[PDB]
Amino acid sequence: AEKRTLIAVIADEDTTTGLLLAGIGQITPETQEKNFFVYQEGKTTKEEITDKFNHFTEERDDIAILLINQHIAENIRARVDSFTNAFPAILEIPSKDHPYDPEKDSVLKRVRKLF
Amino acid sequence: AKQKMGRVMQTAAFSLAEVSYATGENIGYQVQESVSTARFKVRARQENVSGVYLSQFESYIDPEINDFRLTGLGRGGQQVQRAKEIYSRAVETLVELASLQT
Amino acid sequence: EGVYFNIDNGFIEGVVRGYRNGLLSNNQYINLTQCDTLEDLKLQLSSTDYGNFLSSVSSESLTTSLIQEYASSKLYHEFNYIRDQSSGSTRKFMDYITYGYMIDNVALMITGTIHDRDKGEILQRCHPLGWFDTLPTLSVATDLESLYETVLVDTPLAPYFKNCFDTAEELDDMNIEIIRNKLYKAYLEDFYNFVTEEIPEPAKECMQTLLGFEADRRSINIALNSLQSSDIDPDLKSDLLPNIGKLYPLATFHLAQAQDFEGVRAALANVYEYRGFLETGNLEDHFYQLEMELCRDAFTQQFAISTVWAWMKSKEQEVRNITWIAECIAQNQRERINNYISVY
């Protein structure tokens, strides 16, 4: 669909600030909804991550690509693995304050079979 | 390319992190509100490789504005202009990984 | 003559000079750079008067942000202890130092009108130097117009208002930037006026010269960066510029009335003291390098508050170098090891 234009970010502020600096996001006053759900270390629970994942994927047709920290996805790792659709283009973005491992990817799990 | 990107993104994050305190003040609080225009959006590109539809992603780069009125305060305007283009390149590079995953 | 100085401010000089003697030279910095793990860096630091309070405190969760937080905490404690042994004139002077800080603190509070970021969490990251206990921002209407008078009465920053009534009801990026610009302009102007009339002789020249240098570097940054991501009319360029740069009163107009890159190059290159838009690596790094030569010169007298003013920034530069090394160590990108300045 051509509505696959906006980009979703669920990541720590150290990355979200820079991403918005690059000009990827904006403010959507029609719903007063940012293009991202800011993340606070040791202050944000896991149910919020699941709710925002569902909202971005199955409630918002705007998102084309989703960027989520490895540790944030760890809170919804089961949810991420269970959901596998081409529309949102879920992508486990590297996370600041953590040296990202390019082997925790839910997408790469299917790559790990049938080389 | 997965691990290559996993490392270059951290390199860019480090490049901006050393910039964020050159001005010696928070930048995120103003950033998360100032951003109201989008440039690095995407478009659905079509390419029937073998008679099979494939909606690919084209990096719709719009290098005319990213965030308005966030530089020139007098201590940190120049510094943020340095590592910002690093992310401008990194996001374009990251678009293609999702284009391939689809 | 300085004979009258040591009637109420002897231990101020003693403690500031001792802390200055506590500065770590490049000899310790090179050893600290060789360390690779966070534990190695912290244990190397523990062998210095700068340490023994950062290491052996955490649970080996040392991060660059936490390193910066803990490193600056002891400097704040030193400043507050000197406050705890202050004097009349010294106390009436410290408010000036803290003005440049709660300027930005209240700017952040104003910005937090539609987002409602709590005061405590703001203090967890903003400058506590500016904090004053009588700041009930997120307890009454946080609207900038309604809170305008509340802040006006909370702290006596009213005289620093240059027609701040109108155009103070936007809650927008332009408003938040211009308020900081005007606040810095008025604050530095009034501080320069104060020191020029009420301060002992030995500080009279050092304070004015250092203020002029800082005001110049502050004025240039609002002209070079006025053509990087936004534009504005030259009238506001002149307005936000300080009335007197204290190093050049003529080239400020040259900067203001120009709107292109090379309409300002001559304004800065004429003085023949700093290269025009050149010798630029990390611009603020070069600013620190140039300013610290003067700050060291300020540490040569023993009868002026110049010692305290220079040591405030000396410890902040110590923290700056610590962060410059911690960024490359913790993030494991060894490219900032040589990016540190130490002239003490």
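Don't worry about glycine lacking a Cβ; one is built from the backbone with ideal geometry, like all the others, and counts go over all protein chains shown. Read-outs throughout are calculated quantities, based only on the coordinates presented, and are distinct from any laboratory measurement.
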Quiz prompt | Estimated FRET transfer efficiency (C:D49, C:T167; beta-carbon r; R0 51 Å; 0.05) | solution = 0.55
Quiz prompt | Extension gain from A:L108 to A:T31, taking 0.36 nm per residue of separation minus the Cα-Cα distance | solution = 24.3 nm
Quiz item: Taking other Cβ within 10 Å of each residue's Cβ, how do C:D216, B:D67, C:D36, C:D166 sort, fewest first?
Solution: C:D166, C:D36, C:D216, B:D67
Quiz item: At 222 nm, what helix-only mean residue ellipticity would the protein assembly as shown give, in deg cm²/dmol to the nearest 500, using -39500 (n - 2.57) for each DSSP H run of four or more?
Solution: -16000 deg cm²/dmol
Exercise. Quick one: which residues, 5 or more positions from B:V42 or on another chain, have an amide H under 5 Å from its amide H? H modelled 1.01 Å from N in the peptide plane, none for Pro or chain starts.
Key: B:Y60
Self-check item: Relative compactness, the protein assembly as shown, computed as alpha-carbon Rg over 2.2 N^0.38 Å
Solution: 1.05
Exercise. Multiply the residue separation of B:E64 and B:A44 by 0.36 nm, subtract the distance between their alpha-carbon atoms, and state the gained length in nm to one decimal.
Key: 5.0 nm
Quiz item: Between C:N26 and C:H77, what FRET efficiency follows from the Cβ-Cβ distance if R0 is 22 Å, with the result rounded to 0.05?
Solution: 0.30
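Over the residues of the range C:114-211, compute the C-alpha Rg and express it relative to 2.2 N^0.38 Å.
Cα Rg divided by the expected 2.2 N^0.38 Å: 1.29.
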Self-check item: Principal axes of the range C:245-284: Cα extent on each, largest first, Å
Solution: 27, 24, 16
Practice problem: State, as an integer percentage, the relative contact order of chain A based on alpha-carbon contacts under 8 Å between residues 6 or more apart. | Solution: 30 percent
Practice problem: For chain C, compute Rh as the Kirkwood radius over C-alpha pairs and then the Stokes-Einstein diffusion coefficient at 25 °C and 0.890 mPa s; write the answer in µm²/s, rounded to an integer. | Solution: 110 µm²/s
Practice problem: Report P(r) for chain A: all Cα-Cα distances, bin width 5 Å, range 0 to the bin holding the largest distance, values in whole percent. | Solution: 2, 11, 22, 25, 21, 12, 4, 1, 0, 0
Practice problem: Mean Kyte-Doolittle of at least -0.5 plus a Cα span of 27 Å or more along the axis: flag which DSSP H helices in chain C meet both, please. | Solution: C:88-111, C:173-195, C:201-224, C:306-330
Quiz item: How far apart, in nm, are two points set 7 Å out from the Cα along the Cα-to-Cβ line at C:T134 and at C:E279?
Solution: 4.7 nm
Quiz item: Taking other Cβ within 10 Å of each residue's Cβ, how do A:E30, A:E13 sort, fewest first?
Solution: A:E30, A:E13
Quiz prompt | For the range C:147-223 and the range C:253-268, distance of Cα centres in Å | solution = 23 Å
Quiz prompt | Two-decimal log10 I(q)/I(0) for chain B, as the Debye equation yields it once each C-alpha is a single scatterer, q = 0.13, 0.14 Å⁻¹ | solution = -0.59, -0.67
Quiz prompt | chain C, relative contact order [Cα under 8 Å, separation at least 6], % | solution = 21 percent
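Based only on other Cβ atoms within 10 Å, what is the fewest-to-most ordering of C:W324, C:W309? Intermediate values should be presented prior to the final figure.
Details: C:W324 24, C:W309 20.
The most exposed by this proxy come first: C:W309, C:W324.
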Exercise. Mind putting together the pair-distance distribution for the range C:44-151? All Cα pairs, 10 Å bins, whole percent per bin, short to long.
Key: 12, 34, 29, 20, 5, 0
Self-check item: Where the Cα pairs of the range C:190-244 fall when distances are cut into 5 Å bins, in %
Solution: 4, 17, 24, 18, 13, 11, 8, 5, 2
Practice problem: Could you go through the range A:14-27 in sequence order and give the Karplus-derived ³J(HN,Hα) for each residue, using 6.51 cos²θ - 1.76 cosθ + 1.60 with θ = phi - 60°, rounded to whole Hz, and x for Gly and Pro? | Solution: 4, 9, 5, 4, x, 4, 5, 5, 5, x, 5, x, 5, 10
Self-check item: Degrees, to the nearest 10: B:2-20 long Cα axis against longest axis of chain B
Solution: 20 degrees
Quiz item: Too long at a 25 Å Cα-Cα cut-off: which of A:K3/A:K96; C:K237/C:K315; A:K46/A:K96; A:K96/B:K41; C:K246/C:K313; A:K96/B:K84?
Solution: A:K3/A:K96; C:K237/C:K315
Exercise. Enumerate the amide H contacts of A:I90 below 5 Å, restricted to partners 5 or more residues apart or on another chain; note that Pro and chain-start residues carry no placed amide H.
Key: A:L66
